[PDB]
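Structural overview for review
Chain by chain, the residues run as shown.
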Amino acid sequence: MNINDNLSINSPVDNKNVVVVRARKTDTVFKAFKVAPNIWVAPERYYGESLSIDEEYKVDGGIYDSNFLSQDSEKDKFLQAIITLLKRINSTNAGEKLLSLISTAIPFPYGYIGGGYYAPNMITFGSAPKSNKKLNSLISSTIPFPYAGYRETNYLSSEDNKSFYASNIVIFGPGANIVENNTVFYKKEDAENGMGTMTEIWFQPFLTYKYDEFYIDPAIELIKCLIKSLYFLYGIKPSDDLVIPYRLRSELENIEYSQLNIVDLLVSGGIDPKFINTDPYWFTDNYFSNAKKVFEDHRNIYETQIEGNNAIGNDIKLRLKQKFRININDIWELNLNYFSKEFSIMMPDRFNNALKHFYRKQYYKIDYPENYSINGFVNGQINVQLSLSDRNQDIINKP
Amino acid sequence: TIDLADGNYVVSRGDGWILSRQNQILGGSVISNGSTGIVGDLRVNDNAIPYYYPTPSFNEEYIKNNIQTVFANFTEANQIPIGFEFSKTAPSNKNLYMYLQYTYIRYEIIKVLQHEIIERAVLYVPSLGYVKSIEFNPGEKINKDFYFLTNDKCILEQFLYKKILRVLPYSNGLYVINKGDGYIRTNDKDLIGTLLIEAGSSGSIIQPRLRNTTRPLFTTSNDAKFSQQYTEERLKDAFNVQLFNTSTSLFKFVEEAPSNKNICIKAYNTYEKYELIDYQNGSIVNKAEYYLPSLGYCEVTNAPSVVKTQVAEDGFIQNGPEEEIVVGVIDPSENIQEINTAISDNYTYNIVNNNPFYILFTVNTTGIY
Amino acid sequence: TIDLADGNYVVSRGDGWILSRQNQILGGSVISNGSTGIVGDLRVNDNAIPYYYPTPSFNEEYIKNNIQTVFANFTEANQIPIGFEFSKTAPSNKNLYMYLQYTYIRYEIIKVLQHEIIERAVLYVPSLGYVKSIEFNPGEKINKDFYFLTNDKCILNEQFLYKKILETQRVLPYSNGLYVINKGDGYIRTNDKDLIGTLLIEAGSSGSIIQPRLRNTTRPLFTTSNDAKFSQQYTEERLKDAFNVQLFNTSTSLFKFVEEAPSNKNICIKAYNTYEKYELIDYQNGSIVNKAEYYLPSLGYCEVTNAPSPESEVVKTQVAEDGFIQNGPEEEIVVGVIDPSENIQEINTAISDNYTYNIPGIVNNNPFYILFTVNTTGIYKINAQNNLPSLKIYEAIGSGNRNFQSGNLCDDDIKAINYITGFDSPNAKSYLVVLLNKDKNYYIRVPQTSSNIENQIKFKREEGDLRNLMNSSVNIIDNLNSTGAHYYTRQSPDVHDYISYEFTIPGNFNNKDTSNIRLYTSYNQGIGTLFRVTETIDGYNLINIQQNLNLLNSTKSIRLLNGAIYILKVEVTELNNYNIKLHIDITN
Amino acid sequence: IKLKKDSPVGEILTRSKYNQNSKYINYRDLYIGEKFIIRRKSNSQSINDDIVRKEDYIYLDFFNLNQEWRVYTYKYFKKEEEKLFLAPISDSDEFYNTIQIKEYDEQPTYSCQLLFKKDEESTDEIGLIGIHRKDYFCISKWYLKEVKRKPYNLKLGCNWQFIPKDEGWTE
């Protein structure tokens, strides 16, 4: 893996590394810069969420501003920030492995137009000219008619709907809420059925916050977003109703619980997963069995059918192989604790998904070629001099 | 031992190189009396993997980059499947055995100190195939040199080295000129391949268009006005070119060698030259050249019965006919008004603000106005 | 009504079985006015399923297992899509209608009691297709027999292959080591176990059987006489070392057989899958101590046959034994390979005029190889401490073609070696005089040693007269201190190869007392030359004494000096025994 | 570690485990690998005493086939992590044979450290035996700085222990 660091917002649209594609099937287009195999960056804000939300719908502890990432200078700064974060992740062996897995974990392609992953049809072309004694009508060349006809679902379509670019991850900007990193799938049905789906990430690399006596490295937030995206890429996404009891709301006068989705628990790391991922397991659902069975079915489909087909390309056949090399338990047992240990990054460790209730966050601005670098925060995670962001006054407070 | 100045040199020794000890690892075919045997292959993915044999001070990246910069680029050209085939007809009362090999392109990166070579790396690009055929009787002894090859040799012999360091009576406007369809690049940068067909055999090269991706070539003298999108739009306005980087029209070349001697067939990828000129007061103030991927070129030659030649400068050679089609196009920067009624006998159009512009109209009857 | 003993029998009825009522289900084409039309299909999966007609005694599993045991394995063969196509040009101006149907292999399993068939089950395996054509006119009535088939019938040879169901030399002069032998191409299995299929072409038509390589899966075969050391993985590794065979169970190489029938009679084409045979042999002391056979999938074989006369009764012929038949040309290519159980040392610096190599302790008295290259082409004398042990020299095949670094050694990792000279007797006293080229990698095999004394291998660049003994192994004779007769047995070299014996004549040097010396051999015939040898500071100065001798049972003697040191060079021109036996009869 | 068949460098192999009949019991075999022995350097202490004390110069041999081979290191090397040289007992002017066994952890532990020194009377110090990442059994000079840190790291690659055959451990 090698991050393409030679890109900028002023680069011309060459339809190979800088493209202008259509957002889903709406009327809006956006620019996209490919920074790695099947990894793209969209330096503008997200398109799905309206940037001017009603005041009655703003969430607590969120900086709402409909002017961020509007000028080309800010867009270029965002692009360079994402490049720097990706390069920092790629520097360590574990980060490089995660990025390689993200790049190679394409969603499972569909079959032929008639169904199936076996051999395609055949067609004969180019009959040789008639000789003086032989008709030579059958002296031709046989070629597979629908060569590489497996209809992949991970692609961005150009504004003309005539050019298509393969892509697994698109890193947009933040949506309506500036400080809210999010990971959204492209298709729910293909994300929950073991097939796989495209993933989009809303990331805010310019604002961090202080916890205890250290600043949060945005690289770890990006790593968490990538790990959560790996769930969508492999199609192992549990139903939204699979939640666990996270915290008891002691501040209230009634017995109520705040619950967390199992994906967030399995990705966020910390100490909470240690109380569920126990040997033997006390918490088990049919989701794990179904996911393992569907993954085994798809691996068998690749091994017996999509492997011996000599009429599909090694651009898919050989990524599917690498994608199915790993097991599901590898994805499930992959959380932020491992990357924190391998990166020596200090992160919130108890109830990190409920830090809004415990204390109010103060946000610090990050200038990327001033404070962050290829090796992370300058002068360590503690002794880095970061100025408090002027947006702290705009944090909406709804008790 | 070489006659060159000291330094590093990138050398191409042509294609049609057959390796040693791996002749019939792909297997052969036995054809009985009367019938025809066609043995072919389709270089796409795994047999299209180059072989690197590097030395100290010449790593894989160094040799790869140098060979791409000077000679043909194989990393992008190997993604496109190219098919080749041989056809051999067995005698009326005899058996024929034919077996297929792989012919590569020998690339070298030599280091000349004094007048002798002190270092040499090799890079083999899988080019095409080669069928060796014999006619045999049951129990007949066949020479061991027919099957086995002790050392590498070229079956086609070059050494290309590069040291590493008229009045136009046109009105003022925009013109698109189709200047011919034969254009190949120098230094065999567009060589699809070369087959050596033995006597009494037939050979064929097919571009099956299994992957419909083509690479046009664009040059310009002013990227501000004549860019990729601008030139594509002008071409679509002039000749209605709808496909630029994708073609579904596929081409094949077949050659039957005579029974006397062998033959060699070379298939190239061609281009169509579309100049786009901005003519102003009898002078081309801006010119942008576009090269649209065409349907290849075929050459037939005979092996001669070597000379270290310096590589040629970058450029294009046209092997097609002499063409010059000039089509004026409407300037997109000038507004266009229309008259929604045909001019019958007498019309007055009332006029945008002091800006050159077009008026689109038609006449109700043929006549002189 | 059959003429076989009681029991159960597996019967194959051949190819080309067209079923009833299944005509005109794939369709047909109409052409006219001499227009050529081509129709083809693809037997891949769905239209390539068997038809079972079982019996209470013969269930589906039973018939399938027996058929696949005795005859072609249709389950694993139908997975590979095989294509076929027919072409039939129209005549002068009369419309021609053709239609395509399937053909099957009929596999009957019968229960013979007394000498009457009392029970039968049928298996139909889809093989290929068949095109039937007619010439018609608008409004002309066509016979119903052309369109509709009432009963199953065979359109090919009337085969009946039955098998009863049972309720259960040559002198090789190669040196010791491992060899891979390509034994030829075109190997098919007996009983049509490899038959892609049969295709019948009518007069004035063309037919083709094609393997389009829509699936790369191929099935190699492997047999071994010793699975402990010659396993399938081991044989694949040795094949890769010898012939650089990359793909074993995967192949992407289309092959197509096309036949145009003459316009007077029908014709038939049988397409088979073939195999390339590789024998990996471990050869020690002039005998094959181990052998493994590997059959790599080749690109098929086409057989052209004529339709037999319909006026001929069937003959119930038993199947042939399990074996292979070679249909291609006679080929036998032997390539020695490096034993992977022996470690390989390296000498990075190119050998100059002089070099001495000390045997490392990591060897710990084990046979091994040393890899070395020589700076300048020349004749080198390679020996060890007092010429012990007897060491062999090889030459990597194809080395020096790709890589080059002057004055250094580039390890090409070539495991295919060509034997040059040497002996396999560790107690023999000899030194090699070989010719080494400038840019070739060479291997020296140090044999098993039974001593703790460290050894030194010395390479001396010889520019004197030792060039006479090019590519030879000078064998030192030291136990010659009496009269009578002596015999020395060595590994005989191949034809047009050289051996040498350096000996000394008992007695002091007095320029007199010319003893009678009779040098001959026992079985092998060789041209012998004698030299006198003069030792100087720079080396040896060979002095010609006799040439163009005939050692085989020679009965001539030479009045030759005593005390001198002579050299006898033998070029074997006739290989009759694996071991050469030089007899020296010395008399006063 | 296991002695390589061709190279004179011990290769790193993953330990076995117990998967015979019970899923309730899990462990890894400790009686695998090469059998190491320790011998005195100068035979200057008392013969009656035969226990190994801290900061002791000794020879660390291992039993290969039917012989005892010592472990040496090169005099000069460029990279910090240098591979070892496994050879029968021999005297050379280009290899170091004396190993000083030491204990660095102030807290109680069963892990010891092995250092390479030019001579018993020479202040020159070569490095510490360890395992560094493909895993490779080598000696490093970087361990010297990291071993003197006030918070001792017990999970370092220099911590070595010796497992004799005991009557309490089976298989």
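About the criteria used
Residues numbered from 1 in each chain as written, not as in the entry; some residues may be left out. Chains lettered and ligands numbered in written order. Part of a larger assembly, values for the part shown. Heavy atoms only, no water. Residues with missing side-chain atoms left out of burial classes, pairs and counts. Helix = DSSP H or I, 4+ residues; strand = E, 2+ residues; numbered from the N terminus. Buried < 20%, exposed > 50% of the residue type's maximum accessible area, 1.4 Å probe, protein only. Contact = heavy atoms within 4.5 Å. Axes fitted to C-alpha atoms, helices over the stretch in contact; angles between N-to-C directions. Parallel < 35°, antiparallel > 145°, perpendicular 65-115°, else oblique. Nonpolar A, V, L, I, M, F, W, Y, C, P; charged D, E, K, R; others polar. Buried area = accessible area lost by both parts, 1.4 Å probe. Salt bridge = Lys/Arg side-chain N within 4 Å of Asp/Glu carboxyl O. Pairing = 2+ DSSP bridges. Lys, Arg positive; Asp, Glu negative; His and termini not counted.

As summarised from the PDB record, the model derives from cryo-EM at a stated resolution of 2.9 Å.

Considerations on the environment of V363(C)
Residue and element names in this part refer to chain C. Tracing the sequence through the fold places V363 in the loop between β25 (354-358) and β26 (368-372). Residue classification places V363 among the buried residues on the basis of a relative accessible area of 6%. For the pair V363 and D353, spaced ten residues apart in sequence, the C-alpha separation works out to 26 Å. Ignoring any residue separated from it by four or fewer positions in sequence, one finds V363 in contact with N343, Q345 and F368.

With respect to the packing of helix α1 (residues 72-91) of chain A against helix α4 (residues 218-233) of chain A
Residue and element names in this part refer to chain A. Running from amino to carboxyl end, α1 crosses α4 at an angle of 80 degrees, the nearest separation of the two axes being 10 Å. Classified by the angle their axes make, α1 and α4 are roughly perpendicular. Between α1 and α4, the residues in contact are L85, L86, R88 and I89 and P218, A219, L222 and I223, respectively. Residues that form the contact of α1 with α4 fall into these classes: seven nonpolar, no polar and one charged.

What about the interface of chain B and chain A?
Contacts between chain B and chain A engage 13 residues on the former and eleven residues on the latter. Here chain B and chain A share an interface that buries about 1,100 Å² over both sides, 69% of which is from carbon and sulfur atoms. Together, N45(B), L210(B) and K252(B) form the three largest contributors to the area buried by chain B at its contact with chain A, with a combined 40%. Connecting chain B to chain A are zero salt bridges. The set of elements that each furnish at least two residues to the side of chain B that touches chain A consists of β3 (36-43) and β5 (82-89) of chain B. Ranked by residue count, the leading element in the side of chain B that touches chain A is β3(B), at three residues. Its residues assigned to classes, the side of chain B that touches chain A shows eight nonpolar, three polar and two charged.

With respect to the sheet that holds strand β42 (residues 579-587) of chain C
All names here are of chain C. A sheet is described by the order of its strands in space; here four strands give the open sequence β35-β42-β37-β40, paired in antiparallel fashion. Looking at strand neighbours, the two that pair on one side only are β35 (484-491) and β40 (558-560), the edges of this open sheet. With strand direction ignored, the average angle separating the axes of adjacent strands in the sheet is 30 degrees.

A short note on the side chain of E502(C)
Residues and elements named next belong to chain C. Relative to the helices and strands, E502 is located in strand β36 (residues 497-504). There is no salt bridge for the buried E502, and the closest opposite charge comes from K381, which lies 6.9 Å off by N-O distance. Not counting residues within four places of it along the chain, the set of residues in contact with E502 comprises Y431, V474, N475, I476, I477, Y540, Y566 and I567.

Remarks on the side chain of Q204(A)
All names here are of chain A. Its place among the elements puts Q204 in the loop between β10 (199-202) and β11 (207-211). The exposure class assigned to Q204 is buried, which follows from its relative accessible area of 4%. Discounting residues that sit within four places of it in the chain, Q204 has contacts with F68, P174, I178, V179 and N181.

Structural notes on the pairing of strand β4 (residues 56-64) of chain D
All names here are of chain D. Relative to β4, strand β3 (residues 35-40) runs antiparallel, the two sharing six bridges. Bridged to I38 within β4 is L60. Judged from the three bridges that link them, β4 and strand β9 (residues 99-102) form a sheet pairing that is antiparallel. By the bridge assignment, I58 is partnered in β9 with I99. As paired strands, β4 and strand β5 (residues 67-74) are joined by four bridges and run antiparallel to one another. Residue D61 lies in a different strand from β5, and its bridge partner there is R70. Between β4 and β5, which pair antiparallel one after the other, the connecting turn spans two residues, and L65 there sits at a positive phi close to 55 degrees.

Some words on helix α1 (residues 60-70) of chain B
Of all the residues in α1(B), the buried ones are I63(B), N66(B), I67(B), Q68(B) and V70(B). Here the buried face of α1(B) lies against β1 (7-18), β4 (51-53), β6 (95-113), β7 (116-136) and β9 (160-163) of chain B.

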